[PDB]
Amino acid sequence: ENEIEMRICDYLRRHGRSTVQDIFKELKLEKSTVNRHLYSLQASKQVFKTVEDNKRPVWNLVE
Amino acid sequence: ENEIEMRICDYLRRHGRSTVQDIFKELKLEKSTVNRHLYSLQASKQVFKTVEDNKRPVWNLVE
Amino acid sequence: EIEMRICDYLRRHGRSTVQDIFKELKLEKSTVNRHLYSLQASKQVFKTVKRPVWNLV
Amino acid sequence: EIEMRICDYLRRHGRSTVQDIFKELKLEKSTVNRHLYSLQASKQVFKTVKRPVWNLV
DNA sequence: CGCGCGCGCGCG
DNA sequence: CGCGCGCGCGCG
C-alpha cells in the first residue's frame, strides 16, 4: 500500500536515522511489512540504508 | 488477535498439513503474523509441527 | 558429504551454475545453494555474477 | 579473532555463561552469542541448559 | 529470478 | 529472557 509507504517516510522525515525496530514499533505494523517497503523504497531511491557489519541496517530519507 | 488464531486453525481444519506458506498466502496475512500465532498455538498444545532437517516446518491441528 | 560432492563436481567441471550442479547431483536447488554459500564463507568456492556462476578456491 | 578470544576465555575459566564472556571480553552479547553458536556448529564448543552454559569441545 | 531463508524474536 | 536474527524472499 502507498499509505504504508507514506507513513514510513513520514516517520523517517520526523525522526531521521532509524532501524526497522523503531519504525514498526511506532507505526504498529509488522516488521516484515515495514522491511518490504523499506527495501522497495531503497530500490526507487527514496530511502537509503547504512549497515555496519553484523548490525541492523539504519535507514533514512534520501531527501 | 483471537480472530487470526481462529482463521489459522480453521485453515488447518479444512486443509490439514500445511507450511506457513500455504496459510499466509490463503489468509492474506503476513508470514510473520502467521508464524507468531503458529508458535503460540504450539505452546498451548493446539497445533503441532514436524520438521525434516533444513525444510519448512509442516503444521497441523492437534485435534 | 553434500559439500564433498559439490566441490567434486566443481573440481571436475569448473565454472558451474547452481542449475548445472543440482541437476547432475540429483539435489534440491535450495540444498545446493545453502552449501555453496557456506563454502563461500569458508573461502572454498567463489561466485561470479545475476545467475551466479560458481567455482573452487 | 573474536572466536579465538572466546575459546581462550573458555580454555582458562571453563563453564561460562554468555554474560561471563561478554563482560570480560568487552563485547556485545549478540556478538558473543553469534560466535558461540557458530563454534557449536563447528563442534568446538557445547552448551548445557535456559541460561545456557558454554564450554570447549 | 539474484534466493542461501529456518525466523516465531518482542529482548531493554 | 531461551535470542544466535541480518530476513526484504513472493520463487513455481
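Just so it is clear: chains get the letters A, B, ... in the order the sequence lines come, proteins before strands, and each one is counted from 1. Below, all heavy atoms of this structure are taken into account, side chains as well, without hydrogens, waters or symmetry copies.
- Atom pair B:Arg56:CZ and E:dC7:P shows a separation of 10 Å (rounding to whole Å applied).
- Considering all non-hydrogen atoms of both residues, B:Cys9 and B:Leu41 come closest at SG-CD1, 3.8 Å.
- For the pair A:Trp59 CH2 and F:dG6 P, the computed distance is 14 Å after rounding to whole Å.
- D:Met4 and D:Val45 fall into different hydrophobic clusters, where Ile, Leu, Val, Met, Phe, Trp and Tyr residues are linked whenever their side-chain heavy atoms come under 4.5 Å apart, directly or through other members.
- Taking atom CG of residue B:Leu38 and atom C1' of nucleotide E:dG8, one finds them 9 Å apart after rounding to whole Å.
- Close to E:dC9, at under 4.0 Å from its OP1 or OP2, lies a side-chain N or O of B:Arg36.
- Ranking E:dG10, F:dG10, F:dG12 by closeness to the B:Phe24 side chain, first place goes to F:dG10.
- B:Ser32 comes within 4.0 angstrom of the backbone, heavy atoms only, and of no base.
- Applying the salt bridge (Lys or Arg N to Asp or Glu O under 4.0 Å) test to residues at least two apart or on different chains, the pairs with a partner in residues 32-43 of chain B are A:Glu30-B:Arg36.
- Contact between the side-chain N/O atoms of A:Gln42 and the OP1/OP2 oxygens of F:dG8 is not found at any separation under 4.0 Å.
- Rounding to the nearest 0.5 angstrom, the gap separating the CG atom in A:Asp10 from the CD atom in A:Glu26 is 10.0 Å.
- A sub-4.0 Å separation between OP1 or OP2 of F:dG6 and a side-chain N or O of A:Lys31 is absent.
- Counted by atom type alone, C:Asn33 and C:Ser30 present zero donor-acceptor pairs between their side chains at under 3.5 Å.
- Put simply, D:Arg51 has a side-chain N or O that comes within less than 4.0 Å of OP1 or OP2 on F:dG2.
- Of the listed nucleotides (F:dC7, E:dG12, E:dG4), E:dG4 has the atom at the smallest distance from the side chain of C:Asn33.
- At whole-Å resolution of the value, OH in B:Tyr39 and P in E:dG8 are 8 Å apart.
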**Per-nucleotide pairing state of DNA chain F [Watson-Crick or G-U, under 3.5 Å; [ ] pseudoknot-crossing; | other strand]** = ||||||||||||

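- Whole-Å rounding puts the A:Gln21 CD to E:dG12 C1' distance at 12 Å.
- Taking atom CG of D:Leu27 as the reference point, atom P of F:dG4 lies 13 Å away to the nearest angstrom.
- Here B:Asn54 does not reach the OP1 or OP2 of E:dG6: none of its side-chain N or O atoms lies under 4.0 Å away.
- Rounded to an integer number of Å, the gap from CG of B:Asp22 to P of F:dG10 is 12 Å.
- For the pair D:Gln44 CD and F:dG4 P, the computed distance is 20 Å after rounding to whole Å.
- No hydrogens or angles considered: nothing links the side chains of A:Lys49 and A:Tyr39 as a donor-acceptor pair under 3.5 Å.
- Considering only heavy atoms from C-beta on, B:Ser18 comes within 4.5 Å of B:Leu12 through its side chain.
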